[PDB]
Structure formats: C-alpha cells, structure tokens
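S.K.: Handing you a structure now.
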RNA sequence: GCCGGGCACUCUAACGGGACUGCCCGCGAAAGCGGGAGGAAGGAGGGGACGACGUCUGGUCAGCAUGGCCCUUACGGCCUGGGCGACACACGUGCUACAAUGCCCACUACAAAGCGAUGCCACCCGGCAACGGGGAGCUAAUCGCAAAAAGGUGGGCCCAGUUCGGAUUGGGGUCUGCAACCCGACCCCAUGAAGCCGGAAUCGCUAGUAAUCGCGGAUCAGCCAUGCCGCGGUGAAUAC
Ligand SMILES: [Mg+2]
Ligand SMILES: [Mg+2]
Ligand SMILES: [Mg+2]
Ligand SMILES: [Mg+2]
Ligand SMILES: [Mg+2]
Ligand SMILES: [Mg+2]
Ligand SMILES: [Mg+2]
Ligand SMILES: [Mg+2]
Ligand SMILES: [Mg+2]
Ligand SMILES: [Mg+2]
Ligand SMILES: [Mg+2]
Ligand SMILES: [Mg+2]
Ligand SMILES: [Mg+2]
Ligand SMILES: [Mg+2]
Ligand SMILES: [Mg+2]
Ligand SMILES: [Mg+2]
Ligand SMILES: [Mg+2]
Ligand SMILES: [Mg+2]
Ligand SMILES: [Mg+2]
Ligand SMILES: [Mg+2]
Ligand SMILES: [Mg+2]
Ligand SMILES: [Mg+2]
Ligand SMILES: [Mg+2]
Ligand SMILES: [Mg+2]
Ligand SMILES: [Mg+2]
Ligand SMILES: [Mg+2]
Ligand SMILES: [Mg+2]
Ligand SMILES: [Mg+2]
Ligand SMILES: [Mg+2]
Ligand SMILES: [Mg+2]
Ligand SMILES: [Mg+2]
Ligand SMILES: [Mg+2]
Ligand SMILES: [Mg+2]
Ligand SMILES: [Mg+2]
Ligand SMILES: [Zn+2]
C-alpha cells in the first residue's frame with residue numbers, strides 16, 4: 001500500500017484521496033499539500049515517485065494514523081471504562097455518552113430495535 | 001410550595017443566577033413578561049379590562 | 001448539508017461563525 | 001424632457017424616468033442587463049414599450065427599492081407603462097387590454113396562529 | 001368543485017417564443033419555485049436539440065406534445081360489487097396536462113446525467129413517436145380500447 | 001430649536017403636535033412641520049385559556065407613535081409661552097437644540 | 001468545559017480538609033456534597049464519600065483519575081436493565 | 001445626497017375619497033343571475049378582528065378566585081444533593097437527508113418586520129475559530145443587530161454509500177454562570193453511522209396558496225429552538 005499503510009484511490013484529485021485515510025481530513029489534506037508544495041488539483045495517478053515520497057514522508061511523520069490512532073483512542077476508552085468514570089459505565093453498558101435522551105432514538109449507540 | 005415562593009422570589013438571593021420572575025399580580029412563575037411584570041394570563045385580564053395603558057387588540 | 005457544521009450552509013443553519021463561515 | 005410613473009409590486013417600489021434617447025435603460029446606477037443578468041424574467045419588464053412601439057424611442061433612469069429582483073421587475077414593468085400614459089393619453093387603448101395599467105394586490109399572506117404557515121396546517125393523527 | 005367549475009388559469013407567454021404552451025412545460029419542470037433554473041433547463045435543451053437536430057426547437061416541442069397527448073383514457077366507476085373501468089374521451093385541456101406531465105416524468109426517467117439533456121432527448125424521441133412519454137400514452141390507450149365493453153357507461 | 005412629541009394614542013398626539021406648532025407659528029417665526037416618524041410596535045401574543053389549548057392565542061399590540069416639530073427661528077417670546085402649554089396626560093415631550 | 005483562563009474549581013471547604021490532613025498525614029472519611037468539584041492532585045489516595053443524592057459513595061482516588069469531576073464517580077441512577 | 005438647494009419622487013403617518021349591481025345589453029313578478037363598460041380595484045376586492053341558544057356532568061381546585069374535606073415540631077418551611085434529562089421497547093409532532101433541477105469554494109446582488117444604555121455594539125488589533133483586548137456611534141427613520149438566503153458569474157466534483165448524508169465517538173479549546181459529573185451552547189482536529197426514496201396505512205394545500213428560502217421576536221445568565229408567533233424572497237399543478 002502507498003500512503004500511509006493504505007493505498008489511496010488513484011483517479012481522484014490528490015487532496016480528496018488522502019481523506020480515505022483514517023486520521024486525515026479535508027483540512028489535513030490541503031495542509032499536507034501546502035508544506036510540500038503539491039498541487040491539490042492533480043490526480044493521484046499523476047504523482048511523481050518524488051512527489052509520492054515527499055507527501056508520504058510528511059504525513060506519516062507529523063500525525064498518528066490508521067493503526068496507532070485507533071490504538072490510543074482504544075486505550076483512551078479502555079482507561080475511561082476502567083477508572084469507573086460515568087463515561088466509562090456508559091461505554092461498558094454500551095449506551096450513549098453525551099447527554100442524549102435514551103427514551104427514544106439513541107439508536108446509533110443502541111443498535112436495531114430489540115422489540116417486545 | 002406557594003406563598004413562601006412568591007415571597008422567596010423578591011428577596012435578593014445567595015447567587016445572582018437564581019433570579020427568577022414571578023407574576024407580580026398572581027404569582028405565576030411561568031410565562032412572565034418583563035415589560036408588564038405579569039403572566040400571560042394576567043396580561044390578558046388587565047388588558048381586556050382596559051387597565052393597561054396604550055394596550056389594545058392586534059388585528060391585521 | 002444544512003446539518004453539517006463544517007460547511008457554509010451548515011453554519012448559516014445554526015446562526016454561528018467560524019473558519020467554515022467567516023464574518 | 002422626462003416622464004415618471006410610480007410602479008409597485010409587493011414590497012418593491014419603482015421610480016422610473018422616461019426620456020427620448022437611444023434606448024438605454026438603467027437601474028440603480030448599472031446597465032439594465034447588468035442588474036438583471038441571467039434573469040430570464042427581466043426582458044418582459046420592458047414590455048409596455050412594445051405595446052406602443054417604443055423599443056428605441058426612450059432612455060431610462062430607474063431606481064428600485066423593496067422586494068426582490070422579480071418583484072422589482074414587475075414594478076418597473078408597471079412604472080414605464082405608467083409613465084407612457086402621461087406622455088401620450090391616447091395610449092390608453094392598447095394598454096388596458098394588456099392589463100399594463102393595473103397593479104395586483106397579490107402579496108404574501110399573514111402567518112396564522114395554529115398553522116405552520118398561512119394555510120399549511122399541522123399534521124394530525126387520530127387512532 | 002361543488003358550486004361552479006374552476007376558472008382555467010391563463011399563463012404568461014414565454015419571453016423567448018411568446019408561447020403559452022412552453023410556459024406550462026416550464027412549470028411542470030420547475031421544482032421548489034425555482035423557475036430560473038427550470039427555464040434554463042428547458043432553454044438549454046432547445047440549444048441541445050438545435051445542435052443535434054437542425055430545425056426549430058419549438059417545432060420539435062409541439063409535435064412531441066401532440067404525440068404524447070392521449071385521446072382516450074379509462075376512468076373509474078364502481079357499479080355494483082366491482083369497480084368498472086369506463087373509457088372516456090380526454091378533453092383537450094386534460095390531454096395537454098397529462099402530456100406535459102408525462103413528458104417531464106418520462107424525461108426524468110432517462111439515464112443521461114444533466115436535466116437539460118434529458119428534456120432534449122425525450123423531446124427528440126417523443127416527436128418521432130418513441131420514448132417512455134409515448135409508452136405511457138400507448139398504455140393509457142390500449143387500456144381504454146380494452147374496455148369498449150363498458151363504453152356505454154359514459155357520464 | 002427642537003421639539004419631540006411621543007405618546008400611546010395618536011389622536012392626542014396630533015392634537016398636541018399641532019397645538020405646539022401653532023404656538024411657535026404665532027410668536028415667531030419658523031415652523032418646520034409636524035413630521036410623523038415611524039411607530040415602534042411591541043406585540044404581545046398569548047394562549048387564551050389558563051391551561052393547554054395551544055392552537056388558540058390572542059394578539060395584543062402597543063403603539064409608541066413618534067412626532068417631531070422644528071421651530072427654527074426662535075424668538076424668545078416662544079421661550080416663555082411654551083413653558084405654559086396644555087399638553088394632555090398620555091404624551092411626553094423632549095426638548096433639544 | 002470549565003474555561004481554561006479561569007481557575008480549576010474545587011469547593012473551598014473540601015480543599016482545606018485534604019490539605020489539613022496532608023500535614024497530619026491522611027486519612028479518615030470525607031462525607032461531601034461536592035460533585036461540582038474537580039478531583040485534584042492533592043486528593044490521591046484518600047477515600048472520599050460522595051453524595052449521589054442518596055448515599056455517601058466511598059471512592060479511592062488514583063494517579064490516573066485526576067482531571068475529572070467528583071460526581072463522575074458517584075452514580076445518580078440505579079439501573080439493572082429491563083425484564 | 002458628501003455640501004448648497006429643493007419635498008417634486010420613494011417614504012413616514014394621520015384625515016379623506018373610492019365600489020354601490022351605480023350605467024349598458026339581457027333573462028326575471030321580484031330579490032337576483034350571465035354578459036358589457038368605466039375604473040388601481042367587481043359583484044362579500046385579499047387577509048384579519050369578531051364565535052348565537054346550547055352540546056360535550058369537555059378542560060383547568062397546579063395561574064387566580066372559591067364551598068367543603070383533610071394536615072399542624074408538619075401534607076407547613078429553610079437548605080445542600082439528586083430527580084423531572086432513566087431505556088429491553090411502542091406511538092404522536094418534527095429536523096436533517098438519501099443527492100447532479102445536486103454538493104462545495106470565490107467573487108457579486110434584491111427584502112421585511114422587529115429589536116437594542118452593566119443594551120445593540122460600527123471600526124482596529126490578537127486568534128484557524130468560537131472568542132478575547134481595545135474603541136466610536138446610538139435614550140435611536142440618525143447609530144447598531146446586518147450578511148438577507150434561495151438567486152446571478154466563474155471554477156471544482158462526475159454517478160460512486162461518493163467532495164452524497166452528518167449521526168456516533170476520541171482529542172483539544174471559547175463563553176455564560178458561584179457552579180456545566182449527572183446535565184448547556186459554540187469553535188477546531190480527527191472519527192464519517194444509518195440512509196439508494198420508504199410495508200399495511202396516512203397528512204396538508206384551491207394562488208401570491210402549496211413547495212422551497214432566509215430574517216426577527218417573545219421567554220431568556222447561557223441554553224438543549226429542529227418548537228412557537230411573525231416577516232419578506234422565489235413561486236406552481238389542478239378542480240370533468
Ligand atoms: Mg479521513
Ligand atoms: Mg440523557
Ligand atoms: Mg395560593
Ligand atoms: Mg435563571
Ligand atoms: Mg419566568
Ligand atoms: Mg458534506
Ligand atoms: Mg433542502
Ligand atoms: Mg436576459
Ligand atoms: Mg412567505
Ligand atoms: Mg403546534
Ligand atoms: Mg391534536
Ligand atoms: Mg409515466
Ligand atoms: Mg406634497
Ligand atoms: Mg352578479
Ligand atoms: Mg368531568
Ligand atoms: Mg386552587
Ligand atoms: Mg377549594
Ligand atoms: Mg418534563
Ligand atoms: Mg416507529
Ligand atoms: Mg422538531
Ligand atoms: Mg416523523
Ligand atoms: Mg460509509
Ligand atoms: Mg450541564
Ligand atoms: Mg462525506
Ligand atoms: Mg447500507
Ligand atoms: Mg446513487
Ligand atoms: Mg426526497
Ligand atoms: Mg415520498
Ligand atoms: Mg392504499
Ligand atoms: Mg378553501
Ligand atoms: Mg431578543
Ligand atoms: Mg436566545
Ligand atoms: Mg441535548
Ligand atoms: Mg430561528
Ligand atoms: Zn398572573
């Protein structure tokens with residue numbers, strides 16, 4: 001896989017493709033293409049192996065991405081769950097965490113309706 | 001909780017956040033207009049009587 | 001869009017400002 | 001030297017000035033086609049001059065206030081028509097059959113309490 | 001409705017062809033009261049049936065209109081314990097409405113990606129007696145012909 | 001040189017808005033007329049009954065009409081006689097220069 | 001959250017009890033109604049009884065659970081599920 | 001419109017006029033009905049205010065009033081905390097969507113009604129930003145809220161669970177407030193769920209209406225407002 005650890009979509013503009021990475025959004029895309037002087041409009045198939053490794057090297061070195069990103073956030077909930085925080089019990093009982101009503105909706109955390 | 005509440009309402013509190021308006025005519029805690037000092041019920045009652053200066057029904 | 005805060009149309013909906021809707 | 005009619009439509013008010021000249025038309029300090037660009041509904045505002053063959057014969061200074069671009073357009077369409085009737089009283093024939101002198105009181109209806117809008121009622125469920 | 005028949009709204013003739021029928025067509029195209037876009041959408045297609053077909057746009061439009069206008073339709077009527085589909089002539093008023101409606105409806109069924117083009121090609125197909133716009137009219141007519149049995153049931 | 005006239009009822013505003021303007025028009029000399037400024041309106045909308053019944057309200061309004069008059073060429077014969085004027089209860093005045 | 005420019009909030013009266021005990025060496029029990037408080041570095045190792053509206057809940061504080069509020073460790077609701 | 005100068009025009013806001021089947025043809029015993037004219041307006045001009053005797057032993061002893069019945073170291077009262085915000089589920093009203101008649105960025109137009117002296121806050125500066133420090137005007141047709149938005153011009157996206165959609169969560173900040181754990185809003189980085197147009201069934205609207213677009217106000221420290229009361233922009237289809 002190309003960058004970073006994943007193979008971003010060839011045939012799209014280089015800035016959109018990057019967002020197909022866990023950890024890089026629209027902001028971080030234009031932000032990587034600034035500090036490398038790479039045209040935000042060009043199709044990924046049309047990068048130099050030079051442009052590749054430059055764009056490659058910045059992104060991988062500045063930000064935590066794919067695997068490790070998931071890993072910390074995991075550990076972040078891991079600890080929150082394990083200290084017995086209120087936000088912990090909500091993760092451990094699988095319910096929502098941010099002061100939403102649960103009497104209705106709440107589905108995205110709860111899952112499909114378990115009818116009775 | 002009633003008369004002790006209209007009375008608790010006027011006295012200056014333990015923190016200024018706790019200021020709440022009580023309709024000066026009947027003591028209603030809800031729907032109290034700043035301009036008159038009244039609740040939407042008394043609002044209508046005094047008005048209909050014609051004891052509210054300059055106040056009249058809107059028709060457009 | 002109208003529910004998407006990170007856009008122009010989105011912040012007009014809320015009636016607030018930011019990088020995604022400047023004043 | 002000049003001919004003025006008052007044009008109204010909705011919240012839009014039209015101060016229109018007819019003056020013999022090439023056929024130049026101006027709204028709020030811009031050329032007509034600049035101020036109404038891409039508005040297909042525009043070219044019809046300059047209709048009453050076709051009612052009496054005035055396409056080239058007059059110039060126009062025009063201010064406009066209130067409403068929107070198409071409410072402002074209909075006011076103009078009235079005002080230049082309004083202004084012609086003074087420049088030549090005999091122009092009444094071939095202006096009334098076009099309804100160019102008449103102005104419609106058609107305006108946005110009051111939002112009514114107990115409704116979503118002026119008429120859209122809230123949706124209702126019995127059983 | 002109940003008291004007196006409705007007064008048929010006379011439209012403003014379109015500014016590009018002076019036509020009271022194109023205007024109507026526009027409105028059936030117009031979503032959300034955004035006529036400006038719907039006007040262009042039509043007008044662009046005129047340019048598009050100009051490119052691919054060198055003759056008057058308005059001419060393609062009016063024949064296609066005529067080829068989608070249905071002369072008969074069946075219309076419901078429950079006599080007894082069944083709802084009998086009675087055939088009736090379509091008034092010129094209604095033919096136009098259904099034709100203009102199906103034109104746009106069939107137009108929006110097309111796969112080409114821009115609204116201007118969809119209108120163009122369906123008008124290209126409709127004036128030449130092809131397309132879904134007709135596939136609706138033929139359907140409506142066979143349905144009517146099929147029930148000449150119940151033809152005596154006219155109101 | 002400025003007179004400002006403000007009340008809740010306009011038919012008593014225009015009475016007093018003319019009366020002050022007649023006075024200065026008497027004792028010299030310039031009256032720039034009773035110019036009626038736009039009214040500032042505070043509507044009150046309220047559910048009719050004391051309990052529930054949301055889809056039925058009543059509309060009340062309060063009209064604070066405005067007036068302005070300009071006595072331009074002073075003539076302090078006006079400076080004394082205005083200090084004695086018969087301006088009815090429901091109306092306020094503000095005097096500037 | 002609590003505006004960074006201002007303070008890190010602890011109810012005056014409770015902070016003192018921790019600090020008094022710090023001198024003497026901790027720890028007795030601390031019945032409190034201070035949910036609005038922040039757990040604060042001086043509090044580690046103490047055992048604080050937080051009022052959840054009902055009970056005084058015994059919470060041993062650790063080096064890991066510092067930046068939070070107290071009441072996050074005294075649950076306000078009892079829930080065992082349905083059915 | 002910055003100064004002279006003017007109130008003509010737009011306007012502001014009070015007092016009038018005007019519309020009455022009054023005129024014409026006609027059908028009619030009449031009242032009226034079809035048509036014609038003049039006229040901005042035509043046959044109740046559009047909308048509003050306004051709801052008969054009664055019905056529902058309708059609703060509200062929790063806005064208030066009130067008979068009576070009941071309590072008196074308490075069924076009264078003061079406080080700190082919590083609950084009213086729970087969640088195997090079911091229903092009502094809604095918001096935002098599933099996209100190209102669309103999404104996004106830049107530049108560029110045209111409303112109205114309101115609101116505002118520990119109030120709205122021009123403008124300048126620090127900040128990606130919410131905001132923060134300066135600071136002018138306005139008891140407000142003067143100053144501010146203020147950009148209206150859909151629209152127009154240009155450019156990008158190219159039919160993809162996507163540059164559609166913005167829920168869920170992680171991390172970091174601003175503000176209001178004594179205090180945002182339960183339980184506020186907002187800003188930013190990252191995460192980017194369901195959803196490809198909805199089963200039986202079912203709602204609204206007859207024209208400046210429906211649909212779509214933004215703006216304000218009441219309550220109000222802040223706000224869970226996508227609610228409500230209004231306001232304009234654009235603007236249909238159809239009634240045999
Ligand atoms: Mg990404
Ligand atoms: Mg909750
Ligand atoms: Mg009482
Ligand atoms: Mg409060
Ligand atoms: Mg109150
Ligand atoms: Mg988006
Ligand atoms: Mg939409
Ligand atoms: Mg044009
Ligand atoms: Mg409207
Ligand atoms: Mg409702
Ligand atoms: Mg109901
Ligand atoms: Mg069809
Ligand atoms: Mg005059
Ligand atoms: Mg009649
Ligand atoms: Mg009963
Ligand atoms: Mg009672
Ligand atoms: Mg009683
Ligand atoms: Mg509740
Ligand atoms: Mg359901
Ligand atoms: Mg809702
Ligand atoms: Mg729903
Ligand atoms: Mg996905
Ligand atoms: Mg909170
Ligand atoms: Mg996306
Ligand atoms: Mg799916
Ligand atoms: Mg698709
Ligand atoms: Mg849809
Ligand atoms: Mg549907
Ligand atoms: Mg069915
Ligand atoms: Mg109706
Ligand atoms: Mg306000
Ligand atoms: Mg607010
Ligand atoms: Mg919430
Ligand atoms: Mg709003
Ligand atoms: Zn009251």
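Bear in mind that the values in this text are calculations on the coordinates, not laboratory data. In this analysis, Cβ positions are derived from the backbone assuming ideal geometry, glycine residues included, and neighbour counts consider all displayed protein chains.
S.K.: Quick one: pull the percentage of alpha-carbon pairs in chain D with a separation above 25 Å.
M.R.: Here the long-distance tail beyond 25 Å is 32 percent of all Cα pairs in chain D.
S.K.: A follow-up question, please. Apply 1/(1 + (r/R0)^6) to the Cβ-Cβ distance of residue A:69 and residue E:63, taking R0 = 56 Å, and write down the FRET efficiency to the nearest 0.05.
M.R.: My answer for the efficiency is 0.35.
S.K.: While we're here: Compute the long axis of helix E:132-146 from its Cα atoms, compare it with the longest principal axis of the Cα atoms of chain E, and write down the angle in degrees, 0 to 90, nearest 10.
M.R.: Helix E:132-146 sits at roughly 10 degrees to that axis.
S.K.: Sticking with this one: Based on alpha-carbon centroids, what's the gap between region G:1-78 and region E:1-30 in Å, whole number please?
M.R.: Region G:1-78 and region E:1-30 have Cα centres spaced 75 Å from each other.
S.K.: Taking Cα centroids, how far is region D:25-84 from region E:73-100 in Å?
M.R.: Result: 46 Å between the Cα centres.
S.K.: Here's something else I'd like to know. What relative contact order, as a whole-number percentage, does chain G give when Cα pairs under 8 Å and 6 or more residues apart are counted?
M.R.: Relative contact order comes out at 25 percent.
S.K.: Can you give the angle from 0 to 90° between the axis of helix G:12-24 and the longest principal axis of chain G, with both taken from C-alpha atoms, to the nearest 10?
M.R.: Approximately 60 degrees, to the nearest ten.
S.K.: With chain F treated as a Gaussian network of Cα nodes joined by springs under 10 Å, which of F:54, F:77, F:19 yields the largest mean-square fluctuation?
M.R.: F:54
S.K.: Let me ask you something else. Counting alpha carbon pairs within less than 8 Å and at least 6 residues apart, what relative contact order, in whole percent, applies to chain F?
M.R.: Dividing the mean separation by the residue count of chain F yields 48 percent.
S.K.: On to the next question. Given R₀ = 35 Å, FRET efficiency for residue A:109-residue F:54 by Cβ-Cβ distance, to 0.05?
M.R.: Between residue A:109 and residue F:54 the formula returns 0.60.
S.K.: Is there a simple number for the mean count of other chain Cβ atoms within 10 Å of the Cβ of residues in F:53-63, and what is it?
M.R.: Partner Cβ neighbours, averaged per residue: 5.
S.K.: Would you mind giving the mean number of other chain beta-carbons within 10 Å of the Cβ of each residue in E:32-41, as a whole number?
M.R.: 2
S.K.: Please state the shape class of the protein assembly as shown: rounded when a/c is under 1.5, otherwise prolate if a/b exceeds b/c and oblate if not, all from the C-alpha gyration tensor.
M.R.: Cα axes put the protein assembly as shown in the oblate bin.
S.K.: While we're looking at this one, here's another question. In what sequence, highest mean first, do D:48-60, D:3-15 appear when ranked by Cβ atoms within 10 angstrom?
M.R.: D:3-15, D:48-60
S.K.: Continuing with this model, one more query. Under 17 Å from a label point 7 Å along Cα→Cβ of residue E:12: give me every residue in region D:104-118 with its amide N that close.
M.R.: Residues D:104-108 qualify, since their backbone N sits under 17 Å from the label point.
S.K.: Moving on. At 222 nm, what helix-only mean residue ellipticity would chain A give, in deg cm²/dmol to the nearest 500, using -39500 (n - 2.57) for each DSSP H run of four or more?
M.R.: Rounded to the nearest 500, it is -14000 deg cm²/dmol.
S.K.: Could you tell me whether region D:23-65 comes out rounded, prolate or oblate from its Cα gyration tensor? Rule is a ≥ b ≥ c as square roots of the eigenvalues, rounded for a/c under 1.5, then prolate if a/b exceeds b/c, otherwise oblate.
M.R.: oblate
S.K.: Just from the alpha-carbon atoms, what are the Rg and Dmax of chain G in angstroms?
M.R.: Over chain G's Cα set, Rg and Dmax evaluate to 13.9, 52 Å.
S.K.: With springs connecting C-alpha atoms under 10 Å apart, model chain A as a Gaussian network and identify which of A:29, A:75, A:50 has the largest mean-square fluctuation.
M.R.: A:50
S.K.: Determine the shielding of peptide A:84-90 by partner chains: average, over its residues, the number of Cβ atoms on other chains within 10 angstrom of each Cβ.
M.R.: 4
S.K.: Region F:80-97 to chain B: how many Å between their Cα centroids?
M.R.: 33 Å
S.K.: Now, a different point. Using a cut-off of under 16 Å, list every residue of region D:73-91 whose amide N is near the label point 7 Å from the Cα of residue D:102 along the Cα-to-beta-carbon line.
M.R.: The answer is D:78, D:82, whose backbone nitrogens lie closer than 16 Å to the label point.
S.K.: In nanometres, what is the gap between the two model label sites at residue E:53 and residue D:111, each 7 Å from Cα along Cα-to-Cβ?
M.R.: Once both label points are built, they end up 4.7 nm from each other.
S.K.: Right, something else. Tell me, what is the percent relative contact order of region D:1-80, built from C-alpha pairs under 8 Å that lie six or more residues apart?
M.R.: Relative contact order here is 50 percent.
S.K.: As I understand it, the value is the acute angle between the Cα axis of helix E:57-68 and the longest principal axis of the Cα atoms of chain E; what does it come to in degrees, rounded to 10?
M.R.: 20 degrees
S.K.: Can you give me the distance in nm between label points at residue G:60 and residue G:26, each placed 7 Å from the Cα along the Cα-to-Cβ direction?
M.R.: Going by the 7 Å Cα→Cβ label model, 1.2 nm.
S.K.: Could you order peptides E:131-141, D:101-111 by the average number of other Cβ atoms within 10 Å of their residues, highest first?
M.R.: The peptides rank, most packed first, as E:131-141, D:101-111.
S.K.: So between residue A:42 and residue A:93, what do we pick up on full extension, going 0.36 nm a residue minus the alpha carbon distance?
M.R.: 13.7 nm
S.K.: If I take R0 = 41 Å and measure r between the Cβ atoms of residue G:52 and residue C:17 in this structure, what FRET efficiency does the formula 1/(1 + (r/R0)^6) give, to the nearest 0.05?
M.R.: Result of the calculation: an efficiency of 0.55.
S.K.: Residue G:42 versus residue D:123, label points 7 Å from Cα toward the beta carbon: distance in nm?
M.R.: With each label placed 7 Å out from Cα toward Cβ, I get 5.8 nm.
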